[PDB]
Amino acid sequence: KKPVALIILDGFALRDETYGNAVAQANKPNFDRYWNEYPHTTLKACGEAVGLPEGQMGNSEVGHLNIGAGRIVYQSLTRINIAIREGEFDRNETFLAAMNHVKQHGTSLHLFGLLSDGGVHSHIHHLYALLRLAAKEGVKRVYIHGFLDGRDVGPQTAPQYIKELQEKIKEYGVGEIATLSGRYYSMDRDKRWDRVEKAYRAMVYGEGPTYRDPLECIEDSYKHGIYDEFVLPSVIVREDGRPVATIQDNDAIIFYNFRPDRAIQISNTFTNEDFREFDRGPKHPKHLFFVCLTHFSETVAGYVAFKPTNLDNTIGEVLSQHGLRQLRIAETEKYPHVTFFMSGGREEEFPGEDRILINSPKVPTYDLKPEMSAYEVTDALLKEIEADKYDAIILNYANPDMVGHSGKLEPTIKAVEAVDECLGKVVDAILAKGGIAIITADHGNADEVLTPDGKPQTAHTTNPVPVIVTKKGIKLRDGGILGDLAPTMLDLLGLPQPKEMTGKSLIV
């Protein structure tokens, strides 16, 4: 059994500038020798090359979606942007049905989601659009529950988004900031229900740090070293001390996040008839008209503003169609990406598809444990390899990305070095079994964890990702894109390429 392994170094991209560049500064003997001894190239992992607006940096969802589809996969950010551009956004039956619900039943419209222009999980402009739509539709009570970013944008940039939103509110003549919470709580994806609950109780019970002024809230949190991403779920109150608004029975909610991994948990908390993760309390809200900007999960009992579209014949499906055994493996943080997103937005495994989930460390932030669970993932996978069970493997090492999001150089360097020690063990074990490895990344991040002035850089970058095919005697094209990865693997696998995969094998 000669396995072909797709190894994704999450957040590992190529950048000449070495300042604050953890990828370039890390000692990567393994990665370096493979780059030197095998055919390599780089791929466009951002902008139109991956289905996003030009200039928009990539991410795990976009990257893994494109990597597995073998075609340029059109993304939500782009599609919704166009909807707003073409005057289609205001015509959305779901947005309107939700607005009709509050007016007809005299309830309130709640708007929550990532408050920034990161463009990864949402865009603050989409919120402005909903607000103007709400005003246009004559919806009296509209409340904003903002989730502070700091991960897709500057670590202490909330004030400007809050400031701009307030200005927009005044201008549209509708809306009220009710709560402010760090995406660390309201947008968790690691089933850390303790985090989720904090966000939930602030929004439904007005429990959490209280302020009259949204900006005084952020100021106070900064004062305690707590920045945007980790801001404690707080409540904005009126002059009489009462919360500006809590989510109640028959209210409508429009979750304006278009990325699913970090939206399913809080969405389930609000819509699940029987929720057990934790006790929502007897007076928790029911009969909520819940709207998801895009599809999150079958579990969320709500509606979908922008319906999803099938992604047929992705690598996972082609591999399955030809009777091959495939294994998806990664630790928690990137488990959703190597499965759901890699499978083209599919939850169910394909026949013949095995998945291994290795739990990420129990640390608040990963700069605290840069090697994360890389070694366990590696150990786990090395065993599978000895077993001779899989024809195809899709491995994702989360470290470069996960610890690079801390905006810290030394821990990210360690992160990269840990992954390298691991990368060598895996590629060396695959070559020994006669297989071949495709070493790559889904986008940048670790290549820049410090701003030119040395401040923490906590988000992705727009640089190109590396590509190494451990097969002597071949040449790789140069202007490729992620959507070319699937075709290359199939080529290596000698499996035929489906017409759906409009990508092109990198092998000359």
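For every residue, the number given is its place in the sequence shown, counted from 1.
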Original post:
Which has higher Cα B-factors on average according to the PDB entry: 472 to 480 or 458 to 466?
Top reply: 472 to 480
**OP:** Decide which of the stretches 272 to 280 and 246 to 254 has the higher mean C-alpha B-factor, going by the entry.
**Re:** 272 to 280
**OP:** Using the B-factors in the PDB entry, rank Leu506's C-alpha atom against the chain and give the third, lowest, middle or highest.
**Re:** highest
Subject >> Among modelled residues of the same chain, the CA temperature factor third for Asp442 >> reply: lowest
Subject >> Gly175, C-alpha B-factor rank within chain (lowest, middle or highest third) >> reply: middle
Subject >> Relative C-alpha B-factor of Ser221, binned into the chain's lowest, middle or highest third >> reply: middle
Original post:
Which third, lowest, middle or highest, does the CA B-factor of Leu423 fall in along this chain?
Top reply: middle
